[PDB]
J.: 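Questions regarding the structure given below will be posed in turn.
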Amino acid sequence: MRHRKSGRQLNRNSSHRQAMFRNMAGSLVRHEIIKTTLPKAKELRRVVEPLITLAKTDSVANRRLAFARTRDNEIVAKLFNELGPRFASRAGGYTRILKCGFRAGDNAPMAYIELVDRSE
Amino acid sequence: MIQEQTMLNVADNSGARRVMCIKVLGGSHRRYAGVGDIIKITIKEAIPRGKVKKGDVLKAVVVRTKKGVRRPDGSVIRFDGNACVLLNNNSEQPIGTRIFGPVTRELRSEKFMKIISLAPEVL
Amino acid sequence: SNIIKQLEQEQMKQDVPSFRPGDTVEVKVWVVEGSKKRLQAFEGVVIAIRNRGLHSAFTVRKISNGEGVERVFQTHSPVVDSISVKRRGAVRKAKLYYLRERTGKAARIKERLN
Amino acid sequence: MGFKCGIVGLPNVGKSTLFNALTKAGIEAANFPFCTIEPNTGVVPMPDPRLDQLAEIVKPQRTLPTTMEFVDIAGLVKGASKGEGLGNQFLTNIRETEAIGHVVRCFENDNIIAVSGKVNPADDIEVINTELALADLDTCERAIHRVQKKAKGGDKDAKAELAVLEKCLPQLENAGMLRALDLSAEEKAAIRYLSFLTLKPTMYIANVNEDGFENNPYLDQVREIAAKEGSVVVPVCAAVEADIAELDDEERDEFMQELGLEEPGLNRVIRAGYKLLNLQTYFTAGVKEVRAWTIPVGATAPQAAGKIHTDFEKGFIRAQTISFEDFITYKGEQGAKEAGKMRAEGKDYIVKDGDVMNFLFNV
RNA sequence: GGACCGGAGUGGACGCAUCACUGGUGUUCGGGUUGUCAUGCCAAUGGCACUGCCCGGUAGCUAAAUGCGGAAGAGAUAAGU
RNA sequence: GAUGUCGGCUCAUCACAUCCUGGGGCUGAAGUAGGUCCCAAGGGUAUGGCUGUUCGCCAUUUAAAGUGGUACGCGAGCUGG
RNA sequence: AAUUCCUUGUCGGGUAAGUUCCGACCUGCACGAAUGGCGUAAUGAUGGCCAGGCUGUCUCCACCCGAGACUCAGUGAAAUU
RNA sequence: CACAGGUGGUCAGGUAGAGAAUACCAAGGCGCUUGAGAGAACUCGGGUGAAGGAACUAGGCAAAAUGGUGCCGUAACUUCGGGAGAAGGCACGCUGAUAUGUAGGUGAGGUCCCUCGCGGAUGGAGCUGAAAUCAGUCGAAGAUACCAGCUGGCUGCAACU
Ligand SMILES: [Mg+2]
Ligand SMILES: [Mg+2]
Ligand SMILES: [Mg+2]
Ligand SMILES: [Mg+2]
Ligand SMILES: [Mg+2]
Ligand SMILES: [Mg+2]
Ligand SMILES: [Mg+2]
Ligand SMILES: [Mg+2]
Ligand SMILES: [Mg+2]
Ligand SMILES: [Mg+2]
Ligand SMILES: [Mg+2]
Ligand SMILES: [Mg+2]
Ligand SMILES: [Mg+2]
Ligand SMILES: [Mg+2]
Ligand SMILES: [Mg+2]
Ligand SMILES: [Mg+2]
Ligand SMILES: [Mg+2]
Ligand SMILES: [Mg+2]
Ligand SMILES: [Mg+2]
Ligand SMILES: [Mg+2]
Ligand SMILES: [Mg+2]
Ligand SMILES: [Mg+2]
Ligand SMILES: [Mg+2]
Ligand SMILES: [Mg+2]
Ligand SMILES: [Mg+2]
């Protein structure tokens with residue numbers, strides 16, 4: 001049973017999941033749109049969006065938390081100097097999942113996940 | 001939650017130091033004895049000059065457990081260590097004359113008035 | 001939930017003093033001996049607190065007559081008549097289960113003067 | 001050297017009158033050497049009717065009963081453990097002896113004023129024991145501090161003492177009375193040298209009215225307490241004891257037969273003190289003198305020989321042991337001897353209650 | 001010594017449910033800590049070392065936890081009356 | 001031209017020649033407790049020490065620790081003493 | 001007894017209970033002196049037995065983490081008949 | 001078989017460490033030629049576990065546990081070596097002081113000699129550097145991870161390796 005449980009295992013042990021979503025969050029931040037698998041994008045919401053929320057307030061401690069979560073200072077810089085201000089008035093929902101079909105090599109269900117304001 | 005093979009410290013001055021539960025009395029396939037429950041014991045450790053002797057087989061009433069007792073409000077009273085008071089096989093009455101350490105209210109019944117009266121502290 | 005919040009709140013005790021783990025507290029509990037209610041004081045160190053509104057509990061550990069005794073009190077139970085902090089202890093830890101292993105001198109804790 | 005049970009309590013418990021009824025019935029120093037009776041050291045005769053029986057059977061010229069000393073400890077004040085002079089006098093007074101008798105009032109009197117206003121022995125005992133436990137915890141803290149430095153030097157004896165002391169310390173920090181603990185004989189030995197006031201065997205002298213020897217909720221509370229810590233009780237009346245010690249044999253019997261008492265209550269008090277310290281009595285029976293002597297239960301034959309003369313102890317050869325009842329049945333030392341009811345006991349013997357012997361020594 | 005019949009309680013074993021309590025778990029939460037590498041360095045953090053080792057612990061799941069059950073009745077009978 | 005053995009475990013299922021509980025007749029049945037036989041298969045019907053053991057002896061329970069069939073039930077379920 | 005059928009020999013120890021174990025006895029079915037007898041410190045992934053500690057070995061299993069099992073896409077068997 | 005196996009030699013960085021162990025790293029090299037989901041039973045490989053603690057079982061099988069260094073201490077028995085790491089007990093981190101870095105190791109200048117050299121004395125600058133004691137200090141826990149004896153008693157057999 002998994003009554004009420006949250007978080008997809010995604011067929012990885014925990015530290016692999018954490019590493020992967022750290023990397024994927026960094027990819028999404030720096031490119032603002034990434035193709036990945038739909039389950040992976042749905043879990044990536046739960047990591048990226050809190051990073052953006054955290055970056056809506058620019059303190060040293062918050063940059064330290066962001067750096068702990070992202071381990072990339074370019075990602076932290078873009079989170080606090082661009083993304084935080086770009087989403088200052090948006091109450092959550094900073095990403096958008098766009099299903100984009102099926103990956104050829106394994107028929108995997110694929111989606112684009114982007115920052116909501118990627119147009120501007 | 002005393003079962004067979006469970007070693008109990010002794011809470012009276014009968015002369016037993018460590019007893020072992022060899023039967024949980026009062027029921028077929030009965031698994032556990034809590035406080036207020038009679039068990040059959042063998043005395044595994046006794047003081048050299050005591051009213052009981054090593055290897056004696058007799059009864060005891062469990063007075064303290066590490067599970068402890070629940071109370072009607074939902075509270076629990078846990079003890080460190082499991083302890084029992086030795087009892088005569090036939091008369092069911094305590095063998096010592098002193099009770100050492102707290103006992104609980106669950107032990108308060110017609111059968112164990114002596115243990116209640118002798119205890120330093122009834123919880 | 002809102003319903004259960006209401007039912008639990010209508011019932012939560014209002015006078016519960018502030019206390020932290022490590023505090024020596026004296027809990028007065030009601031004992032119904034036959035017909036008459038007396039108060040029995042249980043004085044010991046708070047080694048654990050559960051904060052759950054109406055289901056809030058706390059564990060008090062003391063050495064009675066040679067044996068460690070822990071009482072998990074249900075904070076809002078009406079059998080707990082009163083709680084009074086006798087000594088504020090200085091522990092930097094929420095659950096003092098390591099005290100179950102401590103004896104005597106190493107079981108006492110720094111008095112908290114903060 | 002004897003056996004002592006200091007008489008203690010709160011103010012106004014009836015202890016000075018108890019010691020006064022003791023000394024009025026007791027024997028002055030003119031009848032027993034080695035005993036300089038202090039006004040707080042009152043030696044009294046021990047009642048052994050077996051002594052009267054033997055003195056009837058053998059008819060000695062003189063008669064000497066064993067006599068036991070009481071030390072009346074007076075003066076206690078709240079906060080007696082915080083270093084104050086009268087409390088420290090209380091401490092040094094009680095520490096010297098080994099047996100302790102607490103005095104309880106179990107009577108309601110409009111002309112006698114209580115200690116907290118409501119007459120309740122539970123309050124009395126808890127206040128006195130909180131005092132003694134504060135003093136005792138002071139002592140045990142000092143000892144545990146003095147020891148743990150040594151026990152950190154790897155000493156085994158210091159570690160056993162440390163274990164006993166740390167199992168006794170939370171007892172005293174909670175005002176608990178340390179005789180209620182289940183301390184083993186080895187542990188009792190380990191901490192006998194700290195001379196704790198809270199393990200010394202304590203009796204309960206219950207000054208009660210004449211018409212209340214039974215059905216007394218205060219006496220009932222004392223009974224439940226004396227069970228809860230395994231203590232003994234002697235419910236008595238100070239007024240009745242003063243009447244007992246202040247009359248002749250004829251008038252004492254008259255006052256006993258009017259009140260239904262069969263022996264003075266002081267007999268029962270000193271007998272409680274007798275059995276409190278593991279005491280027992282043997283006798284010397286002869287035409288010249290029959291004397292009672294008292295030894296601890298467990299005592300050796302060599303120490304029994306020593307209790308008269310050191311040379312008796314050191315040069316012992318054999319003791320010829322006959323019981324009091326064996327003296328009784330066969331009408332004298334010769335009569336019980338002719339049945340062979342002497343027994344030859346050596347330096348490994350333990351003397352029991354009632355035995356009469358004639359020691360043999362060579363020094 | 002000591003009952004039928006009838007009545008009341010309270011258990012054992014078993015079963016069902018549940019998670020309010022008491023707890024287990026809780027590698028998705030917080031903390032402590034050893035070695036080491038790294039983030040320029042300090043500070044702070046992260047990786048790895050079985051979740052590095054541990055201490056606690058939310059939800060969930062759950063038993064040792066705590067609720068409930070076996071029935072009473074009614075037909076038709078057995079042996080029997 | 002192969003139907004794997006004892007015992008244990010796991011899971012059973014039926015019979016009734018019934019161990020307990022239920023009903024009854026007789027009694028050398030006062031009561032209590034039995035003996036015996038009849039009815040009755042709904043449910044229930046030990047844990048340990050020794051020993052590979054089933055069995056048995058033993059210890060201590062239990063209302064009771066039933067007796068058989070089921071390839072002396074059950075190794076394409078486990079074990080392998 | 002690595003030997004003893006009877007046999008779980010008898011007695012004792014140890015256990016509440018010991019067909020094993022240890023000690024003794026000797027009624028050696030069927031020991032016995034280099035196809036050596038008897039001892040023997042040390043030694044042994046050697047046989048047996050007991051105890052402390054330790055524990056999911058068990059009471060009596062619960063939860064969790066991962067690999068599979070399951071679904072989807074690709075590939076693609078086998079014994080047997 | 002593009003197979004978890006087998007295959008001799010040479011090289012041997014850092015931090016910690018006794019170490020070629022072990023942990024994490026360097027140079028270097030790889031992520032193992034199906035992926036994607038899900039998060040049933042059951043299986044396999046692990047982690048934790050109330051109370052109990054061998055009751056399991058043929059059998060403690062497995063697991064759990066012990067586990068380092070120093071000091072103290074160490075029984076029967078013995079072939080006098082052993083047994084023995086018997087058993088058992090204590091301490092252990094960090095910081096400061098002793099001592100702006102000690103004991104010790106190394107030893108440059110400079111001074112004197114010289115059978116003028118890759119010399120000998122002297123001298124200690126610099127470098128390196130335990131161990132200990134005292135005091136303080138954090139933590140539940142200081143051999144903190146990895147690593148790393150379970151111990152004792154009786155007995156058969158075989159001396160041993
Ligand atoms: Mg997969
Ligand atoms: Mg039939
Ligand atoms: Mg078969
Ligand atoms: Mg089979
Ligand atoms: Mg089959
Ligand atoms: Mg075999
Ligand atoms: Mg033999
Ligand atoms: Mg065994
Ligand atoms: Mg035998
Ligand atoms: Mg031969
Ligand atoms: Mg020959
Ligand atoms: Mg030959
Ligand atoms: Mg070999
Ligand atoms: Mg399949
Ligand atoms: Mg497929
Ligand atoms: Mg390949
Ligand atoms: Mg290969
Ligand atoms: Mg390596
Ligand atoms: Mg467990
Ligand atoms: Mg536990
Ligand atoms: Mg077994
Ligand atoms: Mg078994
Ligand atoms: Mg093993
Ligand atoms: Mg043999
Ligand atoms: Mg060999």
Side-chain angles (χ1 to χ4, degrees), chain A residues 1-19 21-22 37-40 43 46-47 60-61 63-73 102-110, chain B residues 1-8 19-34 37 39-44 54-59 65-78 82 89 109, chain C residues 4 7-8 21 48 50 52-57 59 72 74 77 91-102 106, chain D residues 151-156 159:
Chain A
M1 299 170 261
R2 60 142 292 280
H3 291 182
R4 317 280 272 162
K5 294 188 181 183
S6 179
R8 303 168 151 87
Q9 182 177 1
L10 293 171
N11 293 276
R12 305 174 152 75
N13 48 72
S14 189
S15 68
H16 183 190
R17 272 196 304 287
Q18 184 177 2
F21 281 124
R22 189 172 300 174
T37 74
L38 175 67
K40 273 197 207 77
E43 281 305 298
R46 301 227 308 136
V47 64
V60 160
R63 282 179 188 257
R64 296 253 171 102
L65 281 72
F67 186 69
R69 277 84 176 271
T70 73
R71 290 313 294 197
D72 196 345
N73 272 295
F102 305 91
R103 186 153 82 186
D106 51 4
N107 203 49
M110 302 300 278
Chain B
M1 207 164 283
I2 307 305
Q3 63 177 291
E4 271 150 24
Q5 309 297 307
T6 291
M7 295 299 291
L8 298 103
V19 300
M20 194 177 91
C21 169
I22 63 160
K23 199 56 76 193
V24 184
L25 305 173
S28 178
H29 278 284
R30 184 178 175 88
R31 291 169 173 150
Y32 308 120
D37 284 340
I39 45 163
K40 207 92 176 54
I41 59 170
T42 177
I43 289 152
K44 294 308 203 135
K54 176 166 129 65
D56 278 8
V57 177
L58 72 164
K59 284 167 170 162
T65 48
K66 291 199 63 173
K67 296 295 289 183
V69 295
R70 302 293 299 286
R71 297 306 199 62
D73 63 357
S75 66
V76 64
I77 300 177
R78 296 191 297 265
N82 308 290
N89 276 314
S109 63
Chain C
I4 284 184
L7 296 161
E8 284 174 14
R50 184 156 185 282
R52 293 300 201 288
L54 186 63
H55 318 301
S56 281
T59 312
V72 180
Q74 310 298 307
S77 171
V91 303
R92 51 183 305 184
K93 186 176 282 287
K95 299 292 187 291
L96 313 184
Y97 304 137
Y98 64 90
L99 292 188
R100 300 193 178 125
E101 191 268 328
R102 299 312 191 61
Chain D
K152 280 178 181 174
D155 205 336
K156 299 184 187 183
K159 295 262 172 43

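Naming convention: chains lettered A, B, ... in sequence-line order (proteins, then strands); numbering from 1 in each chain. Side-chain atoms are counted along with the backbone in the values below, which use heavy atoms only and exclude waters and symmetry mates.
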J.: Applying a cutoff of 5.5 Å on centroid distance plus 30° on plane angle, are these adjacent nucleotides, H/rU115 and H/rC116, stacked?
T.: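 Result for this step: unstacked.
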
J.: Which residues satisfy the salt bridge (charged side-chain N to carboxylate O under 4.0 Å, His left out) test with A/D106, sequence neighbours excluded?
T.: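 A/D106 satisfies salt bridge (charged side-chain N to carboxylate O under 4.0 Å, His left out) with A/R103 once adjacent residues are dropped.
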
J.: Verify the contact: side-chain N or O of A/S14 to OP1 or OP2 of E/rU27, cut-off strictly under 4.0 Å; return yes or no.
T.: no

J.: Pick one for F/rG75: is it syn, with its angle within 90° of 0, or anti?
T.: syn

J.: Start at the 5' end of RNA chain E and walk down; is the nucleotide closest to C/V72 or to A/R22 reached first?
T.: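 Looking at the nearest nucleotide for each, C/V72 comes out on the 5' side.
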
J.: Heavy atoms under 4.0 Å, any strand shown: does C/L99 hit a base, just sugar-phosphate, or nothing?
T.: nothing

J.: Just which groove, major or minor, has its base atoms within reach of the side chain of B/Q5, if reach is under 5.0 Å?
T.: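 Here B/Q5 engages the major groove of the paired bases.
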
J.: Mind telling me the pucker class of G/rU20, north or south, from the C1'-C2'-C3'-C4' torsion?
T.: north

J.: Going by the rule side-chain hydrogen bond (donor to acceptor under 3.5 Å, both in side chains), which residues pair with A/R64 if we only count those two or more places apart in sequence or in a different chain?
T.: none

J.: Would you say the bases of F/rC39 and F/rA40 stack, taking the criterion to be ring centres below 5.5 Å apart together with planes below 30 degrees?
T.: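 Yes, the six-membered rings of F/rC39 and F/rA40 stack, since their centres lie under 5.5 Å apart and their planes differ by under 30°.
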
J.: So for F/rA17, where does the sugar sit by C1'-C2'-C3'-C4', north or south?
T.: south

J.: Of the candidate nucleotides F/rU62, G/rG66, H/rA51, which contains the atom at the shortest distance from the side chain of B/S28?
T.: F/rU62

J.: I'd like a list of close polar pairs between nucleotides 63-74 of chain H and the protein, N/O only, cut-off under 3.5 Å.
T.:
none

J.: What pucker does H/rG85 show by its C1'-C2'-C3'-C4' sign, north or south?
T.: south

J.: At 4.0 Å (heavy atoms only), tell me whether A/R69 reaches a base, stays on the sugar-phosphate, or touches nothing.
T.: nothing

J.: Could you go through nucleotides 36-41 of chain E and list every protein N or O atom that sits under 3.5 Å from one of its N or O atoms, giving the distance for each pair?
T.:
unit_1: E/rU39; atom_1: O2; unit_2: A/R71; atom_2: NH2; d: 3.3

J.: Have a look at C/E101 and say if it touches a base, only the backbone sugar-phosphate, or nothing, with a 4.0 Å heavy-atom cut-off.
T.: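 The residue C/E101 makes no contact with any strand.
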
J.: Please check the phosphate of G/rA67 (OP1 and OP2 only) for any side-chain N or O of A/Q9 closer than 4.0 Å.
T.: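 True: A/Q9 side-chain N/O within range (under 4.0 Å) of G/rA67 OP1/OP2.
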
J.: Which residues satisfy the salt bridge (charged side-chain N to carboxylate O under 4.0 Å, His left out) test with A/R69, sequence neighbours excluded?
T.: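 In terms of salt bridge (charged side-chain N to carboxylate O under 4.0 Å, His left out), with neighbours along the sequence ignored, A/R69 is linked to no residue.
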
J.: With distance as the sole test, does B/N89 use its side chain to make a donor-acceptor pair with the main-chain N or O of B/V57 at under 3.5 Å?
T.: yes

J.: Would you give a per-nucleotide map of nucleotides 56-68 of chain E, 5' to 3', where B means the base has a protein non-hydrogen atom under 4.0 Å away, S means only the sugar-phosphate does, and - means neither?
T.: SSS-SSS-BSS--

J.: Applying a 4.0 Å non-hydrogen cut-off, can you work out what A/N107 is touching in the nucleic acid: base, sugar-phosphate, or nothing?
T.: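 Sugar-phosphate, backbone atoms only, no base.
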
J.: Would you call the sugar of H/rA125 north or south from its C1'-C2'-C3'-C4' torsion?
T.: north

J.: Which way does the sugar of G/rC11 pucker, north or south, judged by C1'-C2'-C3'-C4'?
T.: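 Pucker of G/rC11: north.
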
J.: For residues 21-33 of chain B, dump all side-chain donor-acceptor pairs below 3.5 Å to protein atoms at least two apart in sequence or in another chain.
T.:
unit_1: B/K23; atom_1: NZ; unit_2: B/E4; atom_2: OE2; d: 2.8
unit_1: B/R30; atom_1: NE; unit_2: B/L25; atom_2: O; d: 3.2
unit_1: B/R30; atom_1: NH2; unit_2: B/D37; atom_2: OD1; d: 3.3
unit_1: B/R30; atom_1: NH2; unit_2: B/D37; atom_2: OD2; d: 2.9

J.: By the rule that syn is within 90° of 0, classify the base conformation of F/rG80 as syn or anti.
T.: syn

J.: Over all strands shown, is A/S15 touching base, sugar-phosphate only, or nothing at heavy-atom distances under 4.0 angstrom?
T.: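 Sugar-phosphate, no base atom in range.
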
J.: Could you tell me whether A/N11 contacts a base, only the sugar-phosphate backbone, or nothing, with contacts defined as non-hydrogen atoms closer than 4.0 Å?
T.: base

J.: In whole Å, what is the span from the CZ atom of A/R12 to the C1' atom of H/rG35?
T.: 11 Å

J.: State whether B/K40 places a side-chain N or O below 4.0 Å from either non-bridging phosphate oxygen (OP1 or OP2) of F/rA59.
T.: no

J.: Using the test side-chain hydrogen bond (donor to acceptor under 3.5 Å, both in side chains), find all partners of B/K67 that sit at least two apart in sequence or belong to another chain.
T.: none

J.: Once side-chain hydrogen bond (donor to acceptor under 3.5 Å, both in side chains) is applied, do any residues pair with A/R17, and if so which ones, sequence neighbours excluded?
T.: none

J.: Categorize B/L25 for me: base, sugar-phosphate, or nothing, with a 4.0 angstrom heavy-atom threshold over every strand shown.
T.: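 It contacts sugar-phosphate atoms only.
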
J.: Using the glycosidic torsion, which applies to G/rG37: syn (within 90° of 0) or anti (everything else)?
T.: anti

J.: Only counting residues at least two apart or in another chain, list the ones meeting side-chain contact (heavy atoms from CB on, under 4.5 Å) with B/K54.
T.: none

J.: Given 3.5 Å as the limit, does a donor-acceptor pair link the side chain of B/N82 with the main chain of B/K66, or not?
T.: yes

J.: With syn defined as a glycosidic angle within 90° of 0 and anti as everything else, classify F/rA2.
T.: syn

J.: So, taking the atom named NZ in D/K152 and the one named NZ in D/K159, what distance separates them when rounded to the nearest 0.5 Å?
T.: 10.5 Å

J.: Heavy atoms only, 4.0 Å cut-off, all strands: where does B/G68 land among base, sugar-phosphate and nothing?
T.: nothing

J.: Which atom pairs, donor and acceptor, lie under 3.5 Å between side-chain atoms of residues 69-76 of chain B and protein residues at least two apart or in another chain?
T.:
unit_1: B/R70; atom_1: NE; unit_2: B/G74; atom_2: O; d: 3.2
unit_1: B/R70; atom_1: NH2; unit_2: B/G74; atom_2: O; d: 2.8
unit_1: B/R71; atom_1: NE; unit_2: B/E106; atom_2: OE2; d: 2.9
unit_1: B/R71; atom_1: NH2; unit_2: B/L123; atom_2: O; d: 2.4
unit_1: B/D73; atom_1: OD1; unit_2: B/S75; atom_2: N; d: 2.5
unit_1: B/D73; atom_1: OD1; unit_2: B/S75; atom_2: OG; d: 2.6
unit_1: B/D73; atom_1: OD2; unit_2: B/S75; atom_2: OG; d: 3.2

J.: Using a cut-off of 4.0 Å on non-hydrogen atoms, how would the nucleic acid contact of B/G26 be classed: base, sugar-phosphate, or nothing?
T.: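 Sugar-phosphate, no base atom in range.
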
J.: Hey, is CZ on A/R12 packed in by over 12 heavy atoms from elsewhere, all under 6.0 Å?
T.: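 Counting other residues, nucleotides and ligands, CZ of A/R12 exceeds 12 neighbours.
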
J.: Would you kindly give the CZ-to-P distance between B/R30 and F/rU61, to the nearest whole Å?
T.: 14 Å

J.: Report the residues that fulfil side-chain hydrogen bond (donor to acceptor under 3.5 Å, both in side chains) with C/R102, sequence neighbours left out, ordered by chain and then residue number.
T.: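 Checked C/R102 against side-chain hydrogen bond (donor to acceptor under 3.5 Å, both in side chains); zero matches.
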
